[PDB]
Amino acid sequence: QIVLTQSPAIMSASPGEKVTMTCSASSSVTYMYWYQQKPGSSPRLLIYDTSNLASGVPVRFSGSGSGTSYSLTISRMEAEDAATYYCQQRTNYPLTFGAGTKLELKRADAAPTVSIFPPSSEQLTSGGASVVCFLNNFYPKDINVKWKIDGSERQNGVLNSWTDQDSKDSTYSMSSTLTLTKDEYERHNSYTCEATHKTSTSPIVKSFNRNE
Amino acid sequence: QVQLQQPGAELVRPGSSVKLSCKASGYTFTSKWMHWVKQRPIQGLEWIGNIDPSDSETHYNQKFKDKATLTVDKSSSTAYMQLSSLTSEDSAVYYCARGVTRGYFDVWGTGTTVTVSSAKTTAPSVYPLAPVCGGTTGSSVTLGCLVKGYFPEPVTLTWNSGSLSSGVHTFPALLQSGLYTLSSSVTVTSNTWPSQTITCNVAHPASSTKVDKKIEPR
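Now the structure itself:
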C-alpha cells in the first residue's frame, strides 16, 4: 500500500561520471529492490535486499539507504547503462513499484533537421490528405511543433510520435503528421511546419505551396 | 539457462477472456515462486499476483480481483493467467516472473502484449513520400514511406529488400481510431537518388500482405 516516488523522473548523465538515483517511500521499509529495463527488452533484477547484487550484474552498480530514503548509485556511467530504473518494495503487501527513473545518455547540443512532404497522389485518390513533417536528429528530446496553414495555426488532427535515443549518435527524432480531408486541403495553398527547439529561439521553418 | 518463454501477442474483443501461459525451463519449476506483472505505456509496473506450486499458495493484488485467475500446470510445466473482464484499461504488456519466495523477482519472461479492442484485423496501405518539386537543399536527400490504416501490430519496414539500413529512422506507430499509422525516414546522398533504385518494403503477417513501393520523382 506504500507509494514509492523515484526522483528525478528523467536523468541526464555523461559517460564516466558518478550517477546517484533516489527512491523515496511513504513509510518505513525494511528491504529495497531495483530493476533495469533497456528499450525493447524484458526487465531484470539488479540489487536485492538493498545492498547486494544479482548474478551477472557488472561491478559498478551500488545500493544503500534505510527506512524511507534509498539510493542506487552508479560509480561510472557506461553506454550500455542507458535504461529505465524501477523501485520495488515489500513488507506491506502490495508490493508496488516506483514511477521509473529514466537514465538518458548525455550528448552535445544538436540542431534538428526538417523535411516537409506534401500528401501523396495515392492518398488524395481516397479522399484523405496527410502532410508529413520529419524532425530528425536533435538533442535534447523536448521540442515544440507548430502547423501553420496560410499563416493560421492548426491544432486538431495532429499526430506526434517520438523515437528512443539512438545507440550511435545519441539523438532524438520525431514524426509530425497533420491529417486533413481532400476538401480541407484544396481550400488552402500554403502549408508550414515549424520546429521550436531549445538550441535556438528562431524556429526551423520548412514549407511548400499546393498550386506549385 | 533459466528461460521463461511466453507467446508474442494476444488480440481479444472487450467482454471475452484471455488465457496467458509461461513455458518455464532452466530450473525446477515446482521450487521457485512464479509472479505476474502488468506494464502500461506511461503508468509504470503493476504487480498482479503470484503462485507457489508446492505447497499451493496463490496471492493476489486486491485491485486485480477478480479480473485475474491464476492457475498452474505442472506437466507441462506452465503457469497460467486468465483475464476475465477485459476492458480498454487492460491493454498492456503482461510479464512472467520467477522469484525465490516473496516478494522479489530474479528472471523475467519475454512478455505478451495484450490489445483489447473492438476493431477488426485490416490490411495496410503504403504510400510513397517524395521531396519537393525540383531539388532538395544540400547534398543529402530525404525520402519517406508512409503506412496508414492497419491493424494490428507489427509491420516490418525495410529499404531496398535489406540493402539499405544506414541512416534510417523508423518511427513507432500511434493508435488512430482502430487503425495504426506508421512512418519511416531515410537520409542518403544526391549521387544515389534518383540515379539508383530505392524501394520501401512492408509486410503484414496478420493479413499476408507484401507491398513494394518505388519512390518516383515528382
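As given, the protein sequences belong to chains D and X, one line each in that order.
In terms of the working numbering, the first sequence opens at residue 1 and continues consecutively.
In terms of the working numbering, the second sequence opens at residue 1 and continues consecutively.
Ideal Cβ positions, reconstructed from N, Cα and C, are used throughout, including at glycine.
- The beta-bridge partner set that DSSP reports for D/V57 is empty.
- A distance of 8 Å or more separates the beta carbons of X/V114 and X/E46.
- Contact annotation: in the region 30–44 of chain D, residues whose CB is within less than 7 Å of a CB in chain X are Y33, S42, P43, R44.
- Under the Cβ criterion (8 Å, minimum of three pairs), the region 126–146 of chain D does not count as touching the region 57–70 of chain D.
- For the 8 Å CB-CB criterion, X/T30 and X/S54 form a contact.
- For D/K206, the closest of D/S14, D/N160, D/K146, D/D164 by C-alpha to C-alpha distance is D/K146.
- The alpha carbon of D/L178 has as its nearest neighbour, out of D/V158, D/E194, D/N189, D/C193, the alpha carbon of D/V158.
- Shown here for X/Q1: same chain residues with a beta carbon closer than 7 Å to its own, the five before and five after excluded, namely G26 in chain order.
- A buried status is given to D/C193, since no fewer than 16 other beta-carbon atoms sit within 10 Å of its beta-carbon.
- For X/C133, the chain D residues whose Cβ falls inside 7 Å of its Cβ are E212, in order along the chain.
- Classified as exposed, X/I42 has fewer than 16 neighbouring CB atoms from the shown chains inside 10 Å of its CB.
- In terms of beta-carbon proximity, D/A99 lines the interface with chain X, with at least one pair separated by less than 8 Å.
- The DSSP-derived three-state label of D/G16 is coil.
- Closest option to D/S71, judged by alpha-carbon separation, among D/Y86, D/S41, D/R154, D/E212: D/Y86.
- In this structure, D/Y31 keeps its C-beta atom at 8 Å or more from the C-beta atom of D/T5.
- Comparing alpha carbon positions, the residue from D/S28, D/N189, D/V3 closest to D/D150 is D/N189.
- If you draw a 10 Å sphere on the C-beta of X/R98, you find 16 or more other C-beta atoms in it, and that means buried.
- Straight across, the Cα-Cα distance linking D/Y172 with X/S16 is about 39 Å.
- For the options X/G138, X/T189, X/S77, the alpha carbon positioned closest to that of X/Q5 is the one of X/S77.
- A residue is called buried when at least 16 other Cβ atoms come within 10 angstroms of its Cβ; D/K18 does not meet this threshold and is exposed.
- The three-state reading of DSSP puts X/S84 in coil, since its state is none of H, G, I, E or B.
- Residues of the region 132–149 of chain D whose Cβ lies closer than 7 Å to any Cβ of chain X, in chain order: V132, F134, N136.
- In the three-state reduction of the DSSP assignment, X/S161 falls in the helix class.
- Residues are counted here when their Cβ sits less than 8 Å from a Cβ of chain D; for the region 41–53 of chain X these are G44, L45, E46, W47, given in chain order.
- Rounded to the nearest whole angstrom, the CA to CA distance from X/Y150 to X/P205 is 12 Å.
- What X/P172 touches in chain D, judged by beta-carbon distance under 8 Å, is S161, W162, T163, going in chain order.
- Counting other Cβ atoms within 10 Å of its Cβ, X/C200 reaches 16 or more and is therefore classed as buried.
- X/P217 has a beta carbon lying at 8 Å or more from every beta carbon in chain D.
- Residue contact with chain D for X/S25: absent (no Cβ-Cβ distance below 8 Å to any residue of chain D).
- Fully contained in the region 102–126 of chain D are the following beta strand (DSSP E) runs of length 3 or more, in chain order: 113–117.
- For D/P94, the residues of chain X that pass the 7 Å Cβ criterion are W47, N61, in the order they occur in the chain.
- At least one CB of chain X lies nearer than 8 Å to the CB of D/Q123.
- Only those residues of the region 173–204 of chain D whose C-beta falls short of 9 Å from the nearest C-beta of chain X are listed: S173, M174, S175, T177, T179.
- Nearest in C-alpha terms to X/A79, of all of X/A24, X/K38, X/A68, X/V100, is X/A24.
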